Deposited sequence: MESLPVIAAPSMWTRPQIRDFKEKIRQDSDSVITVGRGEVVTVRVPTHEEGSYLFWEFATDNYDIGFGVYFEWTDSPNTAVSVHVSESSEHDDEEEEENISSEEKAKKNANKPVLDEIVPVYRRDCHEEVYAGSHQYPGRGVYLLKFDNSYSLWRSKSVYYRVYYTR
């Protein structure tokens, strides 16, 4: 196989983003102290791309992305790194390498005392 590079960008309107997100309660995750939440996003049949947006309250969080081919095979789309997504909205896109499941890693494992509040959206498009 061969993998396309992802595209990632930030945008300034964090309060608005969070308010919009908060109009749905299943779009808000609490990542415990020292814990890692994995969001599994299967590839849509009607789409060729994954799109993600996310933000946090008052503290950074590690974010990264893997692709699980459908024991299994994993490719590293985005490396896990701490992002200041408490200050800006973080977002990105990746072209489907094929049929499979995307793994969004929200990684709080380095945080002893602080939970993290994660606001996120995932999309597909052609």
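Asks: Give me the ranges of the deposited sequence that have no CA atoms here, in sequence order.
Replies: 1-4, 75-111 are the stretches of the deposited chain that have no C-alpha coordinates in the structure.
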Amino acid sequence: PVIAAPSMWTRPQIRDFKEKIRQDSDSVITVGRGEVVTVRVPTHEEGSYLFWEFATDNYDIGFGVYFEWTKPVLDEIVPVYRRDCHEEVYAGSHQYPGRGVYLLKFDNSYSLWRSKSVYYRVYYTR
From here on, numbers count along this sequence of modelled residues.
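Asks: Which is higher on average in the deposited entry, the C-alpha temperature factors of 23-31 or of 83-91?
Replies: In the deposited entry, the stretch with the higher C-alpha B-factor mean is 23-31.
Asks: Which of these, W69, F54, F51, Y96, has its C-alpha atom at the highest B-factor, as the entry lists it?
Replies: Result of the comparison over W69, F54, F51, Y96: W69.
Asks: Mind checking which third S117 falls in for C-alpha B-factor across the chain?
Replies: For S117, the deposited C-alpha B-factor lands in the middle third.
Asks: Going by the entry, which third of its chain does the Cα temperature factor of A4 land in?
Replies: Answer is middle: the recorded C-alpha B-factor places it there.
Asks: Going by the entry, which third of its chain does the Cα temperature factor of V39 land in?
Replies: Its C-alpha B-factor belongs to the middle third of this chain's values.
Asks: Taking only the Cα B-factors deposited for this chain, tell me whether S109 sits in the lowest, middle or highest third.
Replies: Bottom third by C-alpha B-factor.
Asks: What third of its chain's C-alpha B-factors does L74 belong to: lowest, middle or highest?
Replies: As the PDB entry reports it, the C-alpha B-factor of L74 lands in the highest third of its chain.
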